[PDB]
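Visitor: Questions regarding the structure given below will be posed in turn.
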Amino acid sequence: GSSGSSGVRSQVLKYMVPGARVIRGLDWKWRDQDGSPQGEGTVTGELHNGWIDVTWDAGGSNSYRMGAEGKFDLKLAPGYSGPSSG
């Protein structure tokens, strides 16, 4: 195959799957939903129409804008790497 310099938006969405790890994003305008201090969460829904659900540990799940309006509220966890394919 062919490849080169990597760098494209809507990348995280490729990992936005139900069962992965995610944390608060830069577009986090909401309060500490996953309790405090800040903690890591766990996606439970697939990003549909730019909206993915996540069930935080604290005890609460909800949908967060991940492209619907061009705002990524959620992001990959600090140390999480896409699921190996092979």
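This note's numbering runs 31 ahead of the 1-based position in the sequence shown.
C-beta: ideal position from N, C-alpha, C; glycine also.
(1) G91 and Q69 - do their beta-carbons sit closer together than 8 angstroms?
(2) Output yes or no for whether 8 angstroms exceeds the beta carbon distance between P49 and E77.
(3) Using CA coordinates, which residue listed in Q42, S36, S33, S37 is at the minimum distance from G101?
(4) Considering only the beta carbon of each residue, do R52 and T75 sit closer than 8 angstroms?
(5) For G117 and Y46, which I take to be in contact (beta-carbon distance under 8 angstroms), what is that distance rounded to the nearest angstrom?
(6) Taking the beta carbon of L105 as the centre, do at least 16 other beta carbons fall within 10 Å, making it buried, or is it exposed?
(7) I54: which of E71, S36, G32, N80 sits nearest, CA to CA?
Guide: So, from the data block:
(1) Within the sequence shown, numbered from 1, the residue matching residue 69 stands at position 38. Within the sequence shown, numbered from 1, the residue matching residue 91 stands at position 60. Annotated as distal: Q69 and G91, with beta-carbon spacing of 8 angstroms or more.
(2) Residue 49 sits at position 18 when you count from the first residue of the sequence shown. Residue 77 sits at position 46 when you count from the first residue of the sequence shown. Going by C-beta atoms, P49 is nearer than 8 angstroms to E77.
(3) Here residue 101 corresponds to residue number 70 of the sequence shown, with the count starting at 1. Nearest C-alpha to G101: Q42.
(4) As a working note, residue 52 is residue 21 in the sequence shown. As a working note, residue 75 is residue 44 in the sequence shown. In this structure, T75 does not lie closer than 8 angstroms to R52 by Cβ.
(5) Along the sequence shown, read from residue 1 onward, the residue named residue 117 stands at position 86. Along the sequence shown, read from residue 1 onward, the residue named residue 46 stands at position 15. Contact doesn't hold; Cβ gap of about 16 angstroms is too wide.
(6) Along the sequence shown, one-based indexing puts residue 105 at 74. Looking at its Cβ environment, which holds 16 or more other Cβ atoms inside 10 Å, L105 is buried.
(7) Indexing the sequence shown from 1 puts residue 54 at position 23. Ranking the options by Cα distance to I54, first place goes to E71.
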